[PDB]
Amino acid sequence: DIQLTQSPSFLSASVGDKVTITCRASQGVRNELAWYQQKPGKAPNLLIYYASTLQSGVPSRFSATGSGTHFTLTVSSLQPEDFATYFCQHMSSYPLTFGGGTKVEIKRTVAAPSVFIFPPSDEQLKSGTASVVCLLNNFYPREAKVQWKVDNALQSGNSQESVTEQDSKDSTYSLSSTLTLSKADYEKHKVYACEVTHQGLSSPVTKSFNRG
Amino acid sequence: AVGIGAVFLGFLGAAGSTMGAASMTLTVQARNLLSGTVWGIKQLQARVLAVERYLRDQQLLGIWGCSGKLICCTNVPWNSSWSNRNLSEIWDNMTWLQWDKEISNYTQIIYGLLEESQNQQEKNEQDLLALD
Amino acid sequence: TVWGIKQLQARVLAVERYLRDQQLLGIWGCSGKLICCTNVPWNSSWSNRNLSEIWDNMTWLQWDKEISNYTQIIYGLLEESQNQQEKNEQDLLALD
Amino acid sequence: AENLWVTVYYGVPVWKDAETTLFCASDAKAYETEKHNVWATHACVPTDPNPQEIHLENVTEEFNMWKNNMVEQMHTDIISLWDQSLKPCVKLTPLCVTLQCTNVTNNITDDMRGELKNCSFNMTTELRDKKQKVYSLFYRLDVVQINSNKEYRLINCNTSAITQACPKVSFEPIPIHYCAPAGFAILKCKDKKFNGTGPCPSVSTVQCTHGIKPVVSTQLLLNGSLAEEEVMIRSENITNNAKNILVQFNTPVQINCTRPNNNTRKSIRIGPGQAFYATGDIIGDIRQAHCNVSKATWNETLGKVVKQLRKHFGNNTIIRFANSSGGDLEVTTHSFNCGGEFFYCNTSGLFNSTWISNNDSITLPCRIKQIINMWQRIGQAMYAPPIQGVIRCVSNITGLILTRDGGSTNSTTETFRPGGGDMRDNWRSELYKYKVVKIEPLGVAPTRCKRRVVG
Amino acid sequence: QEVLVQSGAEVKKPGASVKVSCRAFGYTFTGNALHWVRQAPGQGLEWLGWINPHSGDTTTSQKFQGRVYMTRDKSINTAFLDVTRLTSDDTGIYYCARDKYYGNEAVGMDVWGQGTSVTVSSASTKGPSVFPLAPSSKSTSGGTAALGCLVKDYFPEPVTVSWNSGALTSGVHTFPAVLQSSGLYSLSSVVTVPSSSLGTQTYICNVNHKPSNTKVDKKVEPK
Ligand SMILES: *[C@@H]1O[C@H](CO)[C@@H](O[C@@H]2O[C@H](CO)[C@@H](O[C@@H]3O[C@H](CO[C@H]4O[C@H](CO[C@H]5O[C@H](CO)[C@@H](O)[C@H](O)[C@@H]5O)[C@@H](O)[C@H](O[C@H]5O[C@H](CO)[C@@H](O)[C@H](O)[C@@H]5O)[C@@H]4O)[C@@H](O)[C@H](O[C@H]4O[C@H](CO)[C@@H](O)[C@H](O)[C@@H]4O)[C@@H]3O)[C@H](O)[C@H]2NC(C)=O)[C@H](O)[C@H]1NC(C)=O
Ligand SMILES: *[C@@H]1O[C@H](CO)[C@@H](O[C@@H]2O[C@H](CO)[C@@H](O[C@@H]3O[C@H](CO[C@H]4O[C@H](CO)[C@@H](O)[C@H](O)[C@@H]4O)[C@@H](O)[C@H](O[C@H]4O[C@H](CO)[C@@H](O)[C@H](O)[C@@H]4O)[C@@H]3O)[C@H](O)[C@H]2NC(C)=O)[C@H](O)[C@H]1NC(C)=O
Ligand SMILES: *[C@@H]1O[C@H](CO)[C@@H](O[C@@H]2O[C@H](CO)[C@@H](O[C@@H]3O[C@H](CO)[C@@H](O)[C@H](O[C@H]4O[C@H](CO)[C@@](*)(O)[C@H](O)[C@@H]4O)[C@@H]3O)[C@H](O)[C@H]2NC(C)=O)[C@H](O)[C@H]1NC(C)=O
Ligand SMILES: *[C@@H]1O[C@H](CO)[C@@H](O[C@@H]2O[C@H](CO)[C@@H](O[C@@H]3O[C@H](CO)[C@@H](O)[C@H](O)[C@@H]3O)[C@H](O)[C@H]2NC(C)=O)[C@H](O)[C@H]1NC(C)=O
Ligand SMILES: *[C@@H]1O[C@H](CO)[C@@H](O[C@@H]2O[C@H](CO)[C@@H](O[C@@H]3O[C@H](CO)[C@@H](O)[C@H](O)[C@@H]3O)[C@H](O)[C@H]2NC(C)=O)[C@H](O)[C@H]1NC(C)=O
Ligand SMILES: *[C@@H]1O[C@H](CO)[C@@H](O[C@@H]2O[C@H](CO)[C@@H](O)[C@H](O)[C@H]2NC(C)=O)[C@H](O)[C@H]1NC(C)=O
Ligand SMILES: *[C@@H]1O[C@H](CO)[C@@H](O[C@@H]2O[C@H](CO)[C@@H](O)[C@H](O)[C@H]2NC(C)=O)[C@H](O)[C@H]1NC(C)=O
Ligand SMILES: *[C@@H]1O[C@H](CO)[C@@H](O[C@@H]2O[C@H](CO)[C@@H](O)[C@H](O)[C@H]2NC(C)=O)[C@H](O)[C@H]1NC(C)=O
Ligand SMILES: *[C@@H]1O[C@H](CO)[C@@H](O[C@@H]2O[C@H](CO)[C@@H](O)[C@H](O)[C@H]2NC(C)=O)[C@H](O)[C@H]1NC(C)=O
Ligand SMILES: *[C@@H]1O[C@H](CO)[C@@H](O[C@@H]2O[C@H](CO)[C@@H](O)[C@H](O)[C@H]2NC(C)=O)[C@H](O)[C@H]1NC(C)=O
Ligand SMILES: *[C@@H]1O[C@H](CO)[C@@H](O[C@@H]2O[C@H](CO)[C@@H](O)[C@H](O)[C@H]2NC(C)=O)[C@H](O)[C@H]1NC(C)=O
Ligand SMILES: *[C@@H]1O[C@H](CO)[C@@H](O)[C@H](O)[C@H]1NC(C)=O
Ligand SMILES: *[C@@H]1O[C@H](CO)[C@@H](O)[C@H](O)[C@H]1NC(C)=O
Ligand SMILES: *[C@@H]1O[C@H](CO)[C@@H](O)[C@H](O)[C@H]1NC(C)=O
Ligand SMILES: *[C@@H]1O[C@H](CO)[C@@H](O)[C@H](O)[C@H]1NC(C)=O
Ligand SMILES: *[C@@H]1O[C@H](CO)[C@@H](O)[C@H](O)[C@H]1NC(C)=O
Ligand SMILES: *[C@@H]1O[C@H](CO)[C@@H](O)[C@H](O)[C@H]1NC(C)=O
Ligand SMILES: *[C@@H]1O[C@H](CO)[C@@H](O)[C@H](O)[C@H]1NC(C)=O
Ligand SMILES: *[C@@H]1O[C@H](CO)[C@@H](O)[C@H](O)[C@H]1NC(C)=O
Ligand SMILES: *[C@@H]1O[C@H](CO)[C@@H](O)[C@H](O)[C@H]1NC(C)=O
Ligand SMILES: *[C@@H]1O[C@H](CO)[C@@H](O)[C@H](O)[C@H]1NC(C)=O
């Protein structure tokens with residue numbers, strides 16, 4: 001197969017910026033290349049075909065260039081509806097393949113997370129499991145680290161994270177980290193803490209409780 | 001690019017396509033041209049004019065040097081006064097609807113140069129050439 | 001006057017049935033009636049019988065009863081694959 | 001070589017606007033309703049099971065709903081259908097006898113102004129000798145007094161002849177597909193926003209139109225095709241206050257109509273052969289017909305129209321709705337058919353509002369007339385036979401026919417009133433997206449091809 | 001007008017087959033080649049194959065050859081995709097997409113269906129257990145408090161979550177479901193509110209799960 005590599009994987013920009021994203025093919029695909037826009041929860045929309053031709057109805061601020069192995073897509077001035085994921089696709093030979101995607105996100109001022117820890121409910125404990133939740137609310141940029149400590153022992157493998165899409169209004173993110181233990185293991189320790197690292201914080205923040 | 005063969009557009013499918021592209025769909029518009037107490041007599045008079053319109057075109061198609069439908073050639077030079085356009089400017093840049101709007105003025109003239117100057121002089125030439 | 005209009009509607013369908021067959025006979029590679037040949041391979045799934053087993057051992061009525069299932073399929077391979085691709089080939093061969 | 005030669009093409013997509021004779025189509029279940037030919041479907045062509053719509057890509061065709069001939073053809077078709085349907089029916093010529101009527105049996109008040117009259121008269125039996133003293137029950141709009149008791153007569157006896165509708169047929173509007181003959185085609189506009197006039201971006205062709213029920217009504221368009229997205233406003237000339245304004249709805253308005261009168265069908269015999277269906281006594285209470293419209297649905301529908309009316313009469317303008325100006329009963333009231341009877345409802349409770357730039361049901365008084373003269377026709381008067389039992393019907397309010405006043409004061413406020421009269425407008429609300437074209441498959445084109453010499 | 005409408009979400013067990021449909025409206029179904037493309041959750045786009053609706057001819061990506069099957073029914077303007085011998089790797093959203101097909105070759109996919117979610121798991125339908133995430137008693141005086149609901153161990157997706165039957169929306173974050181190592185989904189829904197409102201305003205999360213037809217209302221209060 002032919003591999004298409006898009007760069008960068010994650011592009012941060014402000015409303016009004018001119019930006020260019022790149023798609024490289026492992027073999028020559030001539031001009032037989034399309035670009036798509038995809039938003040969370042929606043099907044892709046066609047932007048560009050024949051590597052440079054605008055699809056009907058696509059705004060003129062989109063343009064694209066290239067032939068052979070090197071292709072670019074340019075937005076002359078980004079508008080709020082343009083922050084999305086973009087894919088390139090070649091049709092020069094079988095099988096058809098897509099790039100790995102480029103996500104375009106909005107820059108805003110740095111915002112530190114508000115951090116909250118929630119112990120497991122007594123109702124859940126009755127059923128034989130204990131979930132401990134650490135919430136990071138309304139932060140930017142997306143990069144954040146959450147580490148769980150149980151009696152000052154670093155935990156690995158027993159937690160899962162979920163992150164929201166960038167908020168449409170305030171351009172922040174929120175993140176949940178969920179620590180899952182059996183009831184037996186939960187009651188075999190006392191101190192439960194989540195430690196959060198983010199560049200907006202003057203110092204790393206620890207939120208904890210004592211079981212009971 | 002990769003392809004999975006010809007497709008189909010239907011009756012009047014290539015109406016907005018170029019004349020060169022729409023020339024592939026001639027056998028589609030030809031197919032649905034005939035299609036196989038009052039208020040019941042309303043459709044009879046309609047079904048009579050349908051075949052009168054068909055034989056009208058078939059008679060014209062027969063008296064010319066064609067008879068065999070779809071496509072046919074003729075020995076008539078295209079007069080430049082009839083909208084001097086190019087070969088690549090007609091079949092790759094014009095629809096049949098847009099073309100018929102321009103040539104509508106000279107359609108009746110061309111028809112006369114096809115029935116009289118040709119198969120009346122061409123077939124008569126054949127009667128002189130087939131006796132020897 | 002009725003009863004005289006009964007035969008008119010009959011004499012209209014008679015010519016509609018004739019031009020229907022004549023249009024099919026024209027759009028195919030025939031037009032010239034009676035007999036005509038075509039460049040379409042006979043698919044074996046359409047009752048695999050022999051040459052000497054059809055023309056010297058079968059009536060047209062008995063034959064149409066068997067091929068009635070594939071009559072509509074064959075008609076499609078005659079109008080589209082042939083005179084649309086054959087005549088278009090002739091337009092490319094007659095210009096040189 | 002480079003000097004071109006003409007070449008004949010047969011089967012080219014070339015059409016020109018024209019007018020032809022369209023035929024009908026009405027499914028196969030519509031023919032199963034039987035009942036001795038209901039409405040029209042007798043020798044009508046069964047609808048194609050899988051209709052085809054070829055979307056003509058890149059094709060832009062101009063439509064004109066106000067100069068479309070499919071409407072003028074349909075109007076003359078329904079009229080001839082009406083006359084043909086009353087030809088083998090019972091003629092009520094000897095019903096113009098003097099009627100000695102009195103009030104229907106009820107208990108006052110003086111504001112009930114009778115409406116229902118209990119008429120007694122002479123009548124011809126099967127034999128040409130001895131008479132017949134029979135009584136009937138007529139509506140107030142059907143009779144008219146003439147100057148001992150109080151003496152009346154039928155309202156049409158001094159205007160034209162009269163024929164009774166046969167009880168075998170029904171006035172149920174059934175879907176009718178209009179199709180074009182061979183060599184012709186019907187184009188269909190597929191844009192979600194289209195005012196009926198101008199070029200259409202997404203055009204497709206069909207052989208037969210969708211099922212269009214011939215619903216004869218005034219003021220309120222019933223059971224039509226709903227518009228897409230926002231509601232549409234269509235008019236031949238917005239600046240002209242003499243041209244009607246056809247409105248099309250997006251969300252249907254639930255309308256409920258009833259006939260609270262358990263009527264009895266007396267079949268008096270005016271032989272030999274003929275038989276008249278009179279109205280016997282009424283079982284129950286003397287109530288009048290009415291139609292209900294939910295205040296909640298109607299408030300939203302009106303507010304969606306006035307917001308579309310401001311796109312043509314100024315953004316910040318006051319739009320006031322008022323009832324009809326006057327004239328015939330068929331113009332001032334919501335005329336329609338339900339269960340065989342002909343209702344005439346008061347629409348003064350629907351057009352009473354005033355909108356600035358920024359939980360129950362609405363009951364409407366409905367009267368019933370049996371002797372009608374629809375389509376401005378004089379000479380042919382139809383007596384709708386009485387219908388037994390309480391009649392109930394639920395319909396969809398899908399559009400309006402409005403007229404604008406000339407009093408202006410134009411740049412301030414605008415007043416809109418219900419109109420109608422010409423039933424040809426009613427067909428235009430469904431044929432706005434269709435037009436008839438002629439196929440001219442003969443197209444000549446030059447190419448570098450020359451024939452032979454029989455070499 | 002030119003749209004593709006796909007069949008609804010489906011769940012199947014490993015080894016079984018799923019048939020998904022796509023019906024074309026507003027254009028001539030037989031006039032354009034049609035692609036099928038899938039997207040695993042959180043991942044990119046993967047081409048399965050395409051079909052010519054006129055001829056019925058197909059070409060399948062060789063990774064799926066003999067496993068994925070494309071058919072069409074011209075009369076109803078509908079294409080079908082059969083995905084057989086399923087495993088958990090086949091979970092994702094499946095799209096049909098029309099190609100412009102200029103020159104009878106691939107040019108670009110200009111109209112997409114809405115997608116059909118297919119989940120392959122040995123899990124069988126279960127409603128979530130809903131547990132309170134109780135607001136900290138240390139919540140900042142005159143400040144902001146956080147509370148929520150843990151929506152745990154349900155299958156398949158989705159659940160719907162509201163707060164106070166829809167009367168509370170501002171400041172709500174309902175996290176994307178995560179697939180747990182057990183094979184059941186879990187998410188949390190949190191909301192930030194004024195600390196002055198704790199105990200004075202009641203907070204109830206409403207969690208509905210249609211596959212199991214369950215609806216849960218959990219009151220969340222200081223512990
Ligand atoms: C409805 O209407 C729409 C619009 O009217 C219509 O869409 C058009 O459909 C036609 C097909 O019928 C398309 O035509 C094809 O276009 C192919 C594109 O290939 C070339 O495209 C590159 C761009 O060319 C552009 O050049 C300039 C800028 O310089 C711009 O202004 C032009 O107008 C043009 O679009 C071209 O550069 C590229 O060339 C490669 O090679 C050169 C060297 O030769 C190199 O320098 C380049 O860098 C590049 O590497 C590329 O080749 C075209 O290939 C294709 O032609 C093939 O088929 C024909 C037979 O038809 C063969 O003879 C030929 O040899 C090719 O194999 C064909 O021309 C057209 O692009 C669509 N879009 C339009 C017109 O905007 C729909 O079809 C209509 N639909 C219906 C149902 O009616
Ligand atoms: C419109 O106007 C017409 C008038 O033209 C009304 O029709 C008349 O309705 C009245 C009812 O009020 C009828 O009067 C009734 O006649 C019955 C017939 O008698 C039969 O039975 C006797 C034996 O008892 C036989 O000898 C005879 O031949 C008949 O076969 C009477 O029986 C009725 O009597 C009942 O009512 C009286 C009321 O005082 C009581 O005192 C009695 O005890 C008994 O209960 C009654 O007299 C009259 O016959 C009708 N005439 C016609 C021509 O039909 C319509 O009703 C009216 N409709 C409306 C809507 O206004
Ligand atoms: C048969 O019809 C007659 C009609 O003539 C009818 O008798 C009428 O009854 C009405 C009330 O039902 C009387 O109107 C009254 O007028 C006085 C003023 O003089 C008012 O004060 C009365 O108001 C009272 O009654 C109302 C009835 O709705 C109450 O709602 C209200 O709160 C008051 O309590 C009332 O308006 C009218 O005077 C008589 N007419 C005659 C001639 O007597 C009779 O009831 C009907 N009977 C049947 C069985 O149908
Ligand atoms: C008046 O308007 C109402 C809507 O407010 C009409 O009811 C709707 O009628 C259509 C068909 O006429 C129904 O569509 C059907 O959908 C089912 C879904 O599976 C499908 O199987 C059928 O083939 C058909 O497409 C629609 O469901 C129905 N609305 C509701 C809420 O059930 C009503 O017909 C209108 N009455 C008229 C025009 O006289
Ligand atoms: C015109 O008539 C139709 C029906 O003839 C009316 O629709 C009816 O509306 C009532 C509600 O007032 C429905 O009754 C009940 O609804 C509840 C659900 O809240 C349900 O539990 C009951 O079993 C019953 O369904 C009734 O079903 C409904 N009828 C139909 C056929 O849908 C309509 O409201 C009337 N319009 C006006 C303006 O009066
Ligand atoms: C029905 O016809 C009879 C005639 O048989 C009418 O009875 C006559 O009415 C006139 C006045 O209208 C009287 O002068 C006669 O004395 C009546 N009896 C006869 C002629 O025998 C009866 O009035 C008519 N009823 C109507 C018209 O409602
Ligand atoms: C037939 O009779 C009707 C009803 O009597 C007449 O209609 C009347 O027309 C006059 C016109 O001057 C009006 O003033 C009345 O109000 C109408 N009456 C009703 C009840 O509407 C009609 O004119 C008559 N036709 C004739 C005599 O040819
Ligand atoms: C129906 O809509 C068309 C738009 O497609 C209208 O045409 C435009 O009308 C405005 C004024 O109303 C003109 O300024 C534009 O130049 C017109 N455009 C074109 C392409 O003609 C048309 O007027 C509308 N018809 C009615 C009765 O409102
Ligand atoms: C239609 O309704 C209107 C209003 O409901 C009726 O107008 C009433 O007319 C009577 C006299 O006939 C007056 O006493 C009332 O005061 C009027 N009502 C109002 C609100 O002003 C009208 O009569 C009805 N009928 C027609 C045919 O319009
Ligand atoms: C239109 O509706 C208004 C109410 O919104 C009606 O106003 C009535 O006015 C009379 C006196 O003018 C009052 O006695 C009534 O109480 C008013 N009605 C209500 C409901 O308060 C007005 O009559 C209506 N117009 C028509 C023609 O019906
Ligand atoms: C209207 O009145 C008629 C009778 O005048 C009612 O008909 C009766 O219906 C019941 C059951 O519905 C039967 O058992 C009787 O035999 C019927 N009577 C006759 C004479 O046939 C009719 O039901 C009434 N309509 C309504 C809506 O109640
Ligand atoms: C070509 O057209 C001109 C009119 O512009 C006419 O005079 C001339 O005769 C035409 N050519 C022939 C061969 O008739
Ligand atoms: C017409 O087209 C031919 C291409 O075969 C070209 O050589 C010639 O220059 C064109 N003439 C004009 C006037 O464009
Ligand atoms: C056709 O002739 C008319 C007048 O006879 C003229 O107005 C029109 O421009 C002509 N058509 C073309 C394409 O020149
Ligand atoms: C011959 O018939 C079979 C059906 O039995 C079909 O699959 C095959 O495609 C046919 N041959 C051709 C050339 O289409
Ligand atoms: C078919 O007929 C030919 C005679 O030309 C003969 O050679 C052949 O064996 C026959 N085949 C069968 C199966 O009978
Ligand atoms: C034709 O098809 C029918 C069913 O489609 C089948 O019963 C019949 O056997 C077929 N004809 C022949 C000759 O096999
Ligand atoms: C009929 O009723 C009306 C109602 O106002 C009344 O004026 C008239 O006098 C009544 N006539 C008879 C004969 O009952
Ligand atoms: C519409 O009416 C106005 C005035 O009522 C008139 O000037 C105009 O010619 C009419 N027709 C239009 C605008 O097409
Ligand atoms: C509906 O009408 C009522 C009065 O009948 C009015 O109070 C209300 O504001 C209207 N609805 C809306 C949404 O404006
Ligand atoms: C009227 O104003 C509204 C905003 O209130 C705007 O959306 C609409 O386009 C305007 N219509 C005009 C100017 O015709």
# chains A, B, ... in the order shown; residues from 1 in each chain; ligands from 1
>>> residues_around(residues="residue 7 (chain A)", least_positions_apart="6", cutoff="9 Å", atoms="only C-alpha atoms", output="VMD selection string")
chain A and resid 21 to 24 101 to 102
>>> residues_around(residues="region 79-82 of chain C", least_positions_apart="3", cutoff="7 Å", atoms="only C-alpha atoms", output="list in words")
residues 27, 28, 75, 76, 85 and 86 of chain C
>>> interface_residues(of="chain B", to="chain C", cutoff="12 Å", atoms="only C-alpha atoms", output="number ranges by chain")
B: 6, 8, 20, 23-38, 40-41, 43-52, 54-55, 58, 62, 66-74
>>> residues_near_ligand(ligand="ligand 9", cutoff="7 Å", atoms="only C-alpha atoms and all ligand atoms", output="list in words")
residues 346, 347, 348 and 349 of chain D
>>> write_last_selection(atoms="N, CA, C and O atoms", output="compact mmCIF listing (two decimals), in the first residue's frame")
# COMPACT_ATOMS: atom_id res chain seq x y z
N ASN D 346 -67.35 29.72 9.41
CA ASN D 346 -67.03 31.12 9.68
C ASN D 346 -65.58 31.26 10.09
O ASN D 346 -65.17 30.76 11.14
N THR D 347 -64.79 31.95 9.27
CA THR D 347 -63.37 32.11 9.56
C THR D 347 -63.08 33.50 10.10
O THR D 347 -62.11 34.15 9.70
N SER D 348 -63.92 33.98 11.01
CA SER D 348 -63.71 35.26 11.65
C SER D 348 -62.92 35.13 12.94
O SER D 348 -62.50 36.14 13.51
N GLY D 349 -62.72 33.89 13.40
CA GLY D 349 -62.01 33.58 14.63
C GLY D 349 -60.57 33.18 14.36
O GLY D 349 -59.78 32.98 15.28
>>> interface_residues(of="chain B", to="chain E", cutoff="8 Å", atoms="only C-alpha atoms", output="NGL selection string")
:B and (1-10)
>>> write_last_selection(atoms="C-alpha atoms", output="PDB file, in the first residue's frame")
ATOM      1  CA  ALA B   1      -7.025   6.630 -11.017  1.00  0.00           C
ATOM      2  CA  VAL B   2      -8.839   3.395 -10.172  1.00  0.00           C
ATOM      3  CA  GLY B   3     -12.189   2.728 -11.812  1.00  0.00           C
ATOM      4  CA  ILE B   4     -14.940   0.143 -11.527  1.00  0.00           C
ATOM      5  CA  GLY B   5     -16.435   0.574 -14.985  1.00  0.00           C
ATOM      6  CA  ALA B   6     -19.144   2.515 -16.746  1.00  0.00           C
ATOM      7  CA  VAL B   7     -22.140   3.925 -14.897  1.00  0.00           C
ATOM      8  CA  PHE B   8     -25.653   4.946 -15.971  1.00  0.00           C
ATOM      9  CA  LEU B   9     -27.464   8.286 -15.743  1.00  0.00           C
ATOM     10  CA  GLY B  10     -30.919   7.408 -17.140  1.00  0.00           C
TER      11      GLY B  10
END
>>> interface_residues(of="chain E", to="chain A", cutoff="7 Å", atoms="only C-alpha atoms", output="list in words")
residues 44, 45, 46, 47, 61, 106, 107, 108, 109, 110, 112, 113, 114, 115, 131, 132, 133, 134, 146, 175, 176 and 178 of chain E
>>> residues_around(residues="residue 19 (chain D)", least_positions_apart="5", cutoff="8 Å", atoms="only C-alpha atoms", output="PyMOL selection string")
chain D and resi 69+436-438
>>> residues_around(residues="residue 151 (chain A)", least_positions_apart="6", cutoff="12 Å", atoms="only C-alpha atoms", output="PyMOL selection string")
chain A and resi 185-194+208-211
>>> write_last_selection(atoms="N, CA and C atoms", output="PDB file, in the first residue's frame")
ATOM      1  N   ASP A 185      -9.089  -4.522  48.221  1.00  0.00           N
ATOM      2  CA  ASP A 185      -7.891  -3.697  48.079  1.00  0.00           C
ATOM      3  C   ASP A 185      -8.135  -2.279  48.572  1.00  0.00           C
ATOM      4  N   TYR A 186      -9.321  -1.732  48.292  1.00  0.00           N
ATOM      5  CA  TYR A 186      -9.641  -0.375  48.721  1.00  0.00           C
ATOM      6  C   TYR A 186      -9.523  -0.245  50.235  1.00  0.00           C
ATOM      7  N   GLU A 187     -10.095  -1.197  50.975  1.00  0.00           N
ATOM      8  CA  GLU A 187     -10.076  -1.114  52.428  1.00  0.00           C
ATOM      9  C   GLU A 187      -8.729  -1.514  53.018  1.00  0.00           C
ATOM     10  N   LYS A 188      -7.801  -2.005  52.196  1.00  0.00           N
ATOM     11  CA  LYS A 188      -6.468  -2.392  52.640  1.00  0.00           C
ATOM     12  C   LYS A 188      -5.506  -1.205  52.641  1.00  0.00           C
ATOM     13  N   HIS A 189      -5.994  -0.009  52.308  1.00  0.00           N
ATOM     14  CA  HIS A 189      -5.188   1.204  52.292  1.00  0.00           C
ATOM     15  C   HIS A 189      -6.022   2.370  52.813  1.00  0.00           C
ATOM     16  N   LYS A 190      -5.333   3.441  53.220  1.00  0.00           N
ATOM     17  CA  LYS A 190      -5.983   4.613  53.797  1.00  0.00           C
ATOM     18  C   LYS A 190      -5.985   5.839  52.889  1.00  0.00           C
ATOM     19  N   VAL A 191      -4.811   6.348  52.517  1.00  0.00           N
ATOM     20  CA  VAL A 191      -4.693   7.633  51.830  1.00  0.00           C
ATOM     21  C   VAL A 191      -4.831   7.475  50.319  1.00  0.00           C
ATOM     22  N   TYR A 192      -5.824   8.156  49.741  1.00  0.00           N
ATOM     23  CA  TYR A 192      -6.042   8.176  48.299  1.00  0.00           C
ATOM     24  C   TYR A 192      -5.875   9.604  47.795  1.00  0.00           C
ATOM     25  N   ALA A 193      -4.976   9.792  46.828  1.00  0.00           N
ATOM     26  CA  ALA A 193      -4.590  11.107  46.326  1.00  0.00           C
ATOM     27  C   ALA A 193      -4.404  11.064  44.817  1.00  0.00           C
ATOM     28  N   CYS A 194      -4.850  12.113  44.123  1.00  0.00           N
ATOM     29  CA  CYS A 194      -4.480  12.338  42.730  1.00  0.00           C
ATOM     30  C   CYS A 194      -3.653  13.617  42.643  1.00  0.00           C
ATOM     31  N   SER A 208      -6.646  14.930  48.062  1.00  0.00           N
ATOM     32  CA  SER A 208      -6.675  13.615  48.686  1.00  0.00           C
ATOM     33  C   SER A 208      -7.814  13.525  49.692  1.00  0.00           C
ATOM     34  N   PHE A 209      -8.113  12.288  50.094  1.00  0.00           N
ATOM     35  CA  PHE A 209      -8.974  12.003  51.233  1.00  0.00           C
ATOM     36  C   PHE A 209      -8.444  10.767  51.948  1.00  0.00           C
ATOM     37  N   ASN A 210      -8.859  10.608  53.201  1.00  0.00           N
ATOM     38  CA  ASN A 210      -8.603   9.401  53.977  1.00  0.00           C
ATOM     39  C   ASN A 210      -9.852   8.530  54.016  1.00  0.00           C
ATOM     40  N   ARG A 211      -9.702   7.264  53.626  1.00  0.00           N
ATOM     41  CA  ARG A 211     -10.828   6.336  53.604  1.00  0.00           C
ATOM     42  C   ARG A 211     -11.498   6.266  54.973  1.00  0.00           C
TER      43      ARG A 211
END
>>> interface_residues(of="chain D", to="chain C", cutoff="10 Å", atoms="only C-alpha atoms", output="list in words")
residues 1, 447, 448, 449, 450, 451 and 452 of chain D
>>> residues_near_ligand(ligand="ligand 18", cutoff="9 Å", atoms="only C-alpha atoms and all ligand atoms", output="list in words")
residues 101, 102, 103, 104, 108, 109, 110, 111, 112, 113, 114, 115, 117, 149 and 150 of chain D
>>> select_by_dssp(residues="region 54-131 of chain B", states="helix (DSSP H, G or I)", output="VMD selection string")
chain B and resid 54 to 63 87 to 90 96 to 103 107 to 115 122 to 129
>>> residues_near_ligand(ligand="ligand 2", cutoff="7 Å", atoms="only C-alpha atoms and all ligand atoms", output="list in words")
residues 103, 104, 105, 118, 119, 120, 134, 135, 281 and 282 of chain D
